[PDB]
file model.cif (mmCIF, C-alpha atoms and all ligand atoms)
data_target
loop_
_atom_site.label_atom_id
_atom_site.label_comp_id
_atom_site.auth_asym_id
_atom_site.auth_seq_id
_atom_site.Cartn_x
_atom_site.Cartn_y
_atom_site.Cartn_z
CA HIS A 4 65.06 20.69 16.72
CA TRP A 5 63.25 17.36 16.27
CA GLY A 6 63.54 14.63 18.86
CA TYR A 7 61.52 12.05 20.77
CA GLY A 8 59.88 14.25 23.40
CA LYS A 9 56.23 15.19 23.80
CA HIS A 10 56.84 18.46 22.03
CA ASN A 11 59.26 17.44 19.26
CA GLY A 12 58.60 13.76 18.68
CA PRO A 13 57.38 11.69 15.73
CA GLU A 14 53.92 13.34 15.59
CA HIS A 15 55.57 16.72 15.01
CA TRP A 16 58.18 15.74 12.43
CA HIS A 17 55.95 16.26 9.40
CA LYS A 18 55.88 20.03 9.98
CA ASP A 19 59.55 20.34 9.07
CA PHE A 20 59.88 17.11 7.09
CA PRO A 21 56.67 16.71 5.07
CA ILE A 22 57.94 13.42 3.60
CA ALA A 23 57.03 12.02 7.05
CA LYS A 24 53.60 11.36 5.50
CA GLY A 25 55.12 9.90 2.32
CA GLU A 26 54.49 6.74 0.34
CA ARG A 27 57.37 4.61 1.62
CA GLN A 28 57.99 5.56 5.23
CA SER A 29 59.69 3.39 7.85
CA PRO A 30 59.45 1.58 10.15
CA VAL A 31 56.45 -0.66 9.50
CA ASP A 32 54.73 -3.54 11.18
CA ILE A 33 55.78 -6.82 9.59
CA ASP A 34 52.69 -8.96 9.29
CA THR A 35 54.31 -12.36 9.07
CA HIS A 36 51.31 -14.06 7.53
CA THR A 37 50.93 -11.45 4.77
CA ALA A 38 54.65 -11.30 3.90
CA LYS A 39 55.27 -13.47 0.87
CA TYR A 40 58.13 -15.86 0.36
CA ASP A 41 60.11 -14.79 -2.68
CA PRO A 42 62.13 -17.79 -3.91
CA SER A 43 64.02 -15.44 -6.23
CA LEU A 44 65.58 -13.63 -3.25
CA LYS A 45 69.25 -14.46 -2.83
CA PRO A 46 70.96 -15.21 0.48
CA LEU A 47 72.40 -12.16 2.17
CA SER A 48 76.14 -11.73 1.78
CA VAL A 49 77.52 -10.01 4.86
CA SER A 50 81.24 -9.44 4.41
CA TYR A 51 82.55 -7.74 7.52
CA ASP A 52 85.93 -9.50 7.88
CA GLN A 53 87.90 -6.34 7.00
CA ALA A 54 85.69 -3.88 8.89
CA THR A 55 87.52 -0.89 10.37
CA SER A 56 85.62 0.80 13.15
CA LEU A 57 86.91 4.25 14.04
CA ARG A 58 84.81 6.07 16.58
CA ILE A 59 81.65 6.09 18.63
CA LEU A 60 79.53 9.25 18.77
CA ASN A 61 76.54 10.36 20.86
CA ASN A 62 74.66 12.51 18.35
CA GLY A 63 71.81 13.44 20.69
CA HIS A 64 69.44 10.91 19.10
CA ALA A 65 71.36 7.63 19.47
CA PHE A 66 75.00 6.57 19.43
CA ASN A 67 76.76 5.67 16.20
CA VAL A 68 79.69 3.32 15.84
CA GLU A 69 81.36 4.67 12.71
CA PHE A 70 83.44 2.81 10.17
CA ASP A 71 86.00 3.65 7.52
CA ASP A 72 83.87 3.58 4.38
CA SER A 73 86.55 4.89 2.00
CA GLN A 74 87.12 1.36 0.62
CA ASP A 75 85.07 -1.84 0.31
CA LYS A 76 86.10 -3.13 3.76
CA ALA A 77 82.72 -4.10 5.19
CA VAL A 78 80.02 -4.66 2.64
CA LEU A 79 76.54 -6.01 2.25
CA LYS A 80 75.39 -7.57 -1.01
CA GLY A 81 73.01 -10.21 -2.29
CA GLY A 82 69.52 -10.61 -0.91
CA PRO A 83 67.27 -8.07 -2.62
CA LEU A 84 70.24 -5.85 -3.43
CA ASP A 85 71.84 -5.04 -6.74
CA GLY A 86 75.50 -4.12 -6.37
CA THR A 87 77.57 -3.40 -3.30
CA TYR A 88 76.69 -1.47 -0.18
CA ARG A 89 79.38 -0.23 2.20
CA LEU A 90 78.96 -0.16 5.97
CA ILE A 91 79.20 3.39 7.30
CA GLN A 92 77.82 3.08 10.85
CA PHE A 93 75.58 1.16 13.17
CA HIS A 94 73.35 2.38 15.95
CA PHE A 95 70.38 1.23 18.03
CA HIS A 96 66.91 2.36 19.03
CA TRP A 97 65.66 1.28 22.44
CA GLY A 98 62.99 1.73 25.05
CA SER A 99 62.59 2.90 28.60
CA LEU A 100 61.11 -0.57 29.38
CA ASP A 101 61.92 -4.01 28.01
CA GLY A 102 58.48 -4.14 26.38
CA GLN A 103 59.19 -1.42 23.82
CA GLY A 104 62.09 0.06 21.90
CA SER A 105 62.10 -1.47 18.43
CA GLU A 106 61.03 0.51 15.39
CA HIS A 107 59.86 -2.37 13.25
CA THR A 108 57.35 -4.66 14.88
CA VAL A 109 56.49 -8.27 14.06
CA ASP A 110 52.78 -9.04 14.19
CA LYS A 111 52.58 -5.92 16.36
CA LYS A 112 55.23 -7.26 18.76
CA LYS A 113 57.71 -4.66 19.98
CA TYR A 114 61.21 -5.79 20.90
CA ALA A 115 63.38 -4.14 23.57
CA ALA A 116 65.63 -2.57 20.96
CA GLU A 117 66.64 -2.67 17.31
CA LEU A 118 70.11 -2.54 15.74
CA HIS A 119 70.56 -0.75 12.42
CA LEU A 120 73.66 -1.46 10.34
CA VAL A 121 73.65 1.30 7.73
CA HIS A 122 75.20 0.77 4.29
CA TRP A 123 75.35 2.95 1.19
CA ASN A 124 75.32 1.93 -2.45
CA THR A 125 78.81 2.34 -3.86
CA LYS A 127 77.48 3.34 -7.26
CA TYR A 128 76.64 6.74 -5.76
CA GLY A 129 80.15 7.47 -4.52
CA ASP A 130 79.34 8.68 -1.02
CA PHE A 131 76.67 8.54 1.66
CA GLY A 132 75.42 12.07 1.06
CA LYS A 133 74.71 11.37 -2.60
CA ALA A 134 73.30 7.94 -1.78
CA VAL A 135 70.55 9.24 0.49
CA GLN A 136 69.18 11.20 -2.46
CA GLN A 137 68.49 7.98 -4.39
CA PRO A 138 65.63 5.49 -4.05
CA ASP A 139 68.15 2.62 -3.82
CA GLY A 140 70.83 4.59 -2.00
CA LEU A 141 70.96 2.73 1.32
CA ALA A 142 70.56 -0.76 2.68
CA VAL A 143 69.86 -0.95 6.38
CA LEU A 144 70.18 -4.32 8.07
CA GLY A 145 67.85 -4.34 11.07
CA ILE A 146 68.23 -6.78 13.93
CA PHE A 147 65.87 -7.10 16.86
CA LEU A 148 67.12 -7.27 20.46
CA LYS A 149 65.32 -9.17 23.18
CA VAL A 150 66.33 -9.24 26.83
CA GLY A 151 67.70 -12.55 28.09
CA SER A 152 71.27 -13.83 27.95
CA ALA A 153 74.05 -11.32 27.34
CA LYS A 154 75.47 -10.73 23.87
CA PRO A 155 79.22 -11.03 24.43
CA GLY A 156 80.01 -9.16 21.22
CA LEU A 157 78.02 -6.16 22.42
CA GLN A 158 79.92 -5.67 25.66
CA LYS A 159 82.73 -3.54 24.21
CA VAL A 160 80.08 -1.10 23.02
CA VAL A 161 78.31 -1.08 26.39
CA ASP A 162 81.50 -0.39 28.26
CA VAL A 163 82.46 2.70 26.28
CA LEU A 164 79.09 4.40 26.76
CA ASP A 165 80.25 6.04 30.00
CA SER A 166 82.65 8.10 27.90
CA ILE A 167 79.97 9.44 25.53
CA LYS A 168 77.15 10.10 27.97
CA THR A 169 76.04 13.38 26.45
CA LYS A 170 75.26 14.82 23.02
CA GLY A 171 78.31 15.69 20.97
CA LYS A 172 80.74 13.43 22.82
CA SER A 173 82.81 10.98 20.82
CA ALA A 174 85.46 8.41 21.68
CA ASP A 175 87.99 6.40 19.73
CA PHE A 176 86.50 2.99 19.01
CA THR A 177 88.83 0.94 16.86
CA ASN A 178 88.99 -2.78 16.14
CA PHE A 179 85.36 -3.48 16.92
CA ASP A 180 84.02 -6.46 14.98
CA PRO A 181 80.34 -6.03 14.07
CA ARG A 182 80.09 -9.73 13.20
CA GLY A 183 79.66 -10.25 16.94
CA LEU A 184 76.27 -8.51 16.79
CA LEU A 185 74.60 -10.87 14.32
CA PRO A 186 72.28 -13.78 15.09
CA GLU A 187 72.96 -17.26 13.70
CA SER A 188 70.41 -17.10 10.89
CA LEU A 189 70.35 -14.57 8.07
CA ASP A 190 66.70 -15.24 7.16
CA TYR A 191 65.07 -11.88 6.51
CA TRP A 192 62.13 -9.75 5.45
CA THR A 193 62.67 -6.92 3.00
CA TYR A 194 60.72 -3.91 1.74
CA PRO A 195 61.40 -0.41 0.34
CA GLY A 196 61.31 2.33 2.95
CA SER A 197 62.95 5.35 4.48
CA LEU A 198 65.25 6.67 7.11
CA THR A 199 63.40 6.40 10.42
CA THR A 200 64.63 9.80 11.62
CA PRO A 201 64.56 13.19 9.94
CA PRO A 202 65.22 13.88 7.14
CA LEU A 203 63.11 10.70 6.61
CA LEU A 204 64.44 10.29 3.06
CA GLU A 205 62.91 7.49 1.03
CA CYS A 206 66.22 5.92 0.10
CA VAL A 207 66.36 2.64 2.03
CA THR A 208 66.06 -1.01 1.12
CA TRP A 209 65.20 -2.48 4.51
CA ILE A 210 66.46 -5.95 5.36
CA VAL A 211 65.12 -7.06 8.74
CA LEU A 212 66.42 -10.30 10.19
CA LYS A 213 63.87 -12.74 11.51
CA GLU A 214 66.04 -14.02 14.37
CA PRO A 215 66.55 -11.56 17.23
CA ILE A 216 69.74 -11.40 19.23
CA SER A 217 69.57 -11.66 23.01
CA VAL A 218 71.17 -9.04 25.21
CA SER A 219 71.17 -8.94 28.99
CA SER A 220 69.11 -6.65 31.17
CA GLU A 221 72.39 -5.09 32.35
CA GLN A 222 73.42 -4.33 28.77
CA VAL A 223 70.19 -2.53 27.89
CA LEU A 224 70.18 -0.75 31.25
CA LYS A 225 73.45 0.84 30.22
CA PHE A 226 71.95 2.11 26.96
CA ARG A 227 69.32 3.81 29.14
CA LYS A 228 71.95 5.76 31.10
CA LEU A 229 72.88 7.80 28.04
CA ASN A 230 71.62 11.37 27.70
CA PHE A 231 69.84 13.18 24.87
CA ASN A 232 71.16 16.47 26.23
CA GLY A 233 74.60 18.02 26.04
CA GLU A 234 76.90 18.29 29.03
CA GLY A 235 75.82 21.05 31.40
CA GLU A 236 72.24 20.91 30.14
CA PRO A 237 69.27 19.46 32.04
CA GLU A 238 69.54 15.67 32.07
CA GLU A 239 67.10 13.80 29.87
CA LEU A 240 67.72 10.09 29.58
CA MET A 241 68.20 8.74 26.09
CA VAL A 242 65.31 6.27 26.04
CA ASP A 243 62.40 5.64 23.68
CA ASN A 244 64.34 6.93 20.69
CA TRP A 245 62.15 4.94 18.29
CA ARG A 246 59.65 5.97 15.65
CA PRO A 247 56.43 3.93 15.68
CA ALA A 248 55.22 1.87 12.74
CA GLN A 249 54.03 3.85 9.73
CA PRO A 250 51.39 3.01 7.11
CA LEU A 251 52.49 0.28 4.71
CA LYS A 252 50.57 1.90 1.84
CA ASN A 253 51.40 0.46 -1.57
CA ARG A 254 54.12 -1.96 -0.46
CA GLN A 255 54.67 -5.67 -0.13
CA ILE A 256 57.04 -7.16 2.39
CA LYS A 257 58.93 -10.15 1.01
CA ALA A 258 60.39 -13.02 3.00
CA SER A 259 63.61 -14.84 2.15
CA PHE A 260 62.34 -17.95 3.91
CA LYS A 261 59.33 -20.28 3.79
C1 LIG B 1 83.96 -9.80 17.57
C2 LIG B 1 83.04 -10.99 17.50
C3 LIG B 1 83.24 -11.85 16.28
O1 LIG B 1 82.09 -12.63 16.11
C4 LIG B 1 82.13 -13.62 15.11
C5 LIG B 1 81.21 -14.60 15.13
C6 LIG B 1 81.23 -15.67 14.07
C7 LIG B 1 82.16 -15.64 13.11
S1 LIG B 1 82.20 -16.89 11.86
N1 LIG B 1 81.06 -16.58 10.73
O2 LIG B 1 83.49 -16.93 11.25
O3 LIG B 1 81.95 -18.18 12.43
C8 LIG B 1 83.19 -14.53 13.07
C9 LIG B 1 83.18 -13.58 14.02
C1 LIG B 2 71.13 11.49 6.50
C2 LIG B 2 71.57 11.58 7.95
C3 LIG B 2 70.78 10.62 8.82
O1 LIG B 2 71.23 9.31 8.54
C4 LIG B 2 70.45 8.24 8.95
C5 LIG B 2 70.88 7.01 8.61
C6 LIG B 2 70.06 5.82 9.02
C7 LIG B 2 68.94 6.01 9.73
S1 LIG B 2 67.95 4.64 10.18
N1 LIG B 2 67.39 4.85 11.68
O2 LIG B 2 66.84 4.64 9.24
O3 LIG B 2 68.82 3.51 10.09
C8 LIG B 2 68.47 7.38 10.11
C9 LIG B 2 69.20 8.45 9.74
ZN ZN B 3 68.04 3.59 13.01
#

call {"tool": "encode", "arguments": {"input": "model.cif", "output": "structure tokens"}}
result
Amino acid sequence: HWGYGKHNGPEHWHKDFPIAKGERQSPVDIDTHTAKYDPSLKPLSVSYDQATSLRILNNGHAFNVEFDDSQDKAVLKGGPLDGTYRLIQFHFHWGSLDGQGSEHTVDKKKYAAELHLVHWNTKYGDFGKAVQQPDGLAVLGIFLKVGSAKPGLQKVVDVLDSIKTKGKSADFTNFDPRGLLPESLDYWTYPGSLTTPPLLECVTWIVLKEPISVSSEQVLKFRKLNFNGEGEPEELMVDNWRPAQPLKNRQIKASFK
């Protein structure tokens, strides 16, 4: 089973998931000087007012806050996207130290963590079909830096004690993901992939320029989670990020000048 350890981490993934060495892998370094402003890019439309969170799950790789995606309740549209993409879950990647944890980097800078809000293109009917399409998913990525607390994150932080180990889930209703966004929706965008196996090349990445700030105490609580299941040897869930992959034949576009 793949993971983030010395013996099953990102350098090993290609042996079971050969697309790991593909033409549009994620994450990437965002070279801010080389990214080109695209004045034809529309503003993002984030419509989360009717979002229905259901549950939070430790899946052994991260924790997912899951949403009801059986109707257009929380959707992403506009920007580089054609059509409507429904929010299915969000999760984070984070480090063992404040100086690493993000998957995307900005001029080689690593942030302490990165939030991924995962959406699937409604024209494909469900998430499983969507991941088989080159325009199946839109993932909104948001960097986290350590400073002031993010009040809208605290409800997530406080439930983590109940899902410490792999396979644990807890009810998690009425959570409003709007509380996780920064003020600005300026973004970079490029075609890429899932950043974990199966590494499918199905994602339009939309990475916000403005990080959110979270407190040291908030990120410390992420680091108390476990990769392992209950009753197994404890391995802290930290450094669950894939490093930047070759950009290859891609251009990163900026929504802003
Ligand atoms: C649960 C936290 C909610 O966070 C926000 C934060 C801002 C808004 S808005 N765009 O209406 O001013 C709505 C919800
Ligand atoms: C197809 C099952 C796995 O689903 C996902 C969904 C999203 C991601 S990521 N880190 O690229 O946002 C990784 C794996
Ligand atoms: Zn992710």

call {"tool": "atom_distance", "arguments": {"input": "model.cif", "atom1": "atom CA of residue 89 of chain A", "atom2": "atom CA of residue 122 of chain A"}}
result
4.8 Å

call {"tool": "residues_around", "arguments": {"input": "model.cif", "residues": "segment 48-57 of chain A", "least_positions_apart": "5", "cutoff": "12 Å", "atoms": "only C-alpha atoms", "output": "VMD selection string"}}
result
chain A and resid 67 to 93 120 122 142 to 144 160 173 to 185 188 to 190 210

call {"tool": "closest_atom_pairs", "arguments": {"input": "model.cif", "of": "segment 178-254 of chain A", "to": "segment 21-41 of chain A", "cutoff": "12 Å", "atoms": "all atoms listed in the file", "output": "CSV"}}
result
residue,atom,partner,partner_atom,distance
A:190,CA,A:40,CA,11.0
A:191,CA,A:40,CA,10.1
A:192,CA,A:38,CA,7.8
A:193,CA,A:38,CA,9.2
A:194,CA,A:27,CA,9.2
A:195,CA,A:27,CA,6.6
A:196,CA,A:27,CA,4.7
A:197,CA,A:28,CA,5.0
A:198,CA,A:29,CA,6.5
A:199,CA,A:29,CA,5.4
A:200,CA,A:29,CA,8.9
A:201,CA,A:23,CA,8.1
A:202,CA,A:22,CA,8.1
A:203,CA,A:23,CA,6.2
A:204,CA,A:22,CA,7.2
A:205,CA,A:27,CA,6.3
A:206,CA,A:27,CA,9.1
A:207,CA,A:29,CA,8.9
A:208,CA,A:29,CA,10.3
A:209,CA,A:29,CA,8.7
A:210,CA,A:30,CA,11.3
A:211,CA,A:33,CA,9.4
A:212,CA,A:33,CA,11.2
A:213,CA,A:35,CA,9.9
A:245,CA,A:30,CA,9.2
A:246,CA,A:30,CA,7.0
A:247,CA,A:30,CA,6.7
A:248,CA,A:31,CA,4.3
A:249,CA,A:31,CA,5.1
A:250,CA,A:31,CA,6.7
A:251,CA,A:31,CA,6.3
A:252,CA,A:26,CA,6.4
A:253,CA,A:26,CA,7.3
A:254,CA,A:27,CA,7.6

call {"tool": "residues_near_ligand", "arguments": {"input": "model.cif", "ligand": "ligand ZN 3 (chain B)", "cutoff": "7 Å", "atoms": "all atoms listed in the file", "output": "list in words"}}
result
residues 94, 95, 96, 119 and 199 of chain A

call {"tool": "atom_distance", "arguments": {"input": "model.cif", "atom1": "atom CA of residue 255 of chain A", "atom2": "atom CA of residue 129 of chain A"}}
result
29.0 Å

call {"tool": "residues_near_point", "arguments": {"input": "model.cif", "point": "(72.3, 13.7, 27.6)", "cutoff": "7 Å", "atoms": "all atoms listed in the file", "output": "VMD selection string"}}
result
chain A and resid 63 168 to 170 229 to 234 238 to 241

call {"tool": "atom_distance", "arguments": {"input": "model.cif", "atom1": "atom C4 of ligand LIG 2 (chain B)", "atom2": "atom CA of residue 11 of chain A"}}
result
17.8 Å

call {"tool": "closest_residue", "arguments": {"input": "model.cif", "among": "A:141, A:146, A:157, A:116", "to": "ligand LIG 1 (chain B)", "atoms": "all atoms listed in the file"}}
result
A:157

call {"tool": "residues_around", "arguments": {"input": "model.cif", "residues": "residue 115 of chain A", "least_positions_apart": "4", "cutoff": "8 Å", "atoms": "all atoms listed in the file", "output": "PyMOL selection string"}}
result
chain A and resi 97-98+100-105+147-150

call {"tool": "axis_aligned_box", "arguments": {"input": "model.cif", "around": "ligand LIG 2 (chain B)", "padding_each_side": "5 Å", "output": "lines of an AutoDock Vina configuration file"}}
result
center_x = 69.2
center_y = 7.5
center_z = 9.1
size_x = 14.7
size_y = 18.1
size_z = 15.2

call {"tool": "closest_residue", "arguments": {"input": "model.cif", "among": "A:113, A:4, A:45, A:133", "to": "ligand LIG 2 (chain B)", "atoms": "all atoms listed in the file"}}
result
A:133

call {"tool": "residues_around", "arguments": {"input": "model.cif", "residues": "residue 42 of chain A", "least_positions_apart": "3", "cutoff": "9 Å", "atoms": "only C-alpha atoms", "output": "list in words"}}
result
residues 45, 258, 259, 260 and 261 of chain A

call {"tool": "closest_residue", "arguments": {"input": "model.cif", "among": "A:225, A:58, A:64, A:111", "to": "ligand LIG 2 (chain B)", "atoms": "only C-alpha atoms and all ligand atoms"}}
result
A:64

call {"tool": "closest_residue", "arguments": {"input": "model.cif", "among": "A:235, A:221, A:167, A:256", "to": "residue 61 of chain A", "atoms": "only C-alpha atoms"}}
result
A:167

call {"tool": "closest_residue", "arguments": {"input": "model.cif", "among": "A:244, A:158, A:222, A:152", "to": "ligand LIG 1 (chain B)", "atoms": "all atoms listed in the file"}}
result
A:158

call {"tool": "closest_residue", "arguments": {"input": "model.cif", "among": "A:109, A:44, A:224, A:121", "to": "ligand LIG 2 (chain B)", "atoms": "only C-alpha atoms and all ligand atoms"}}
result
A:121
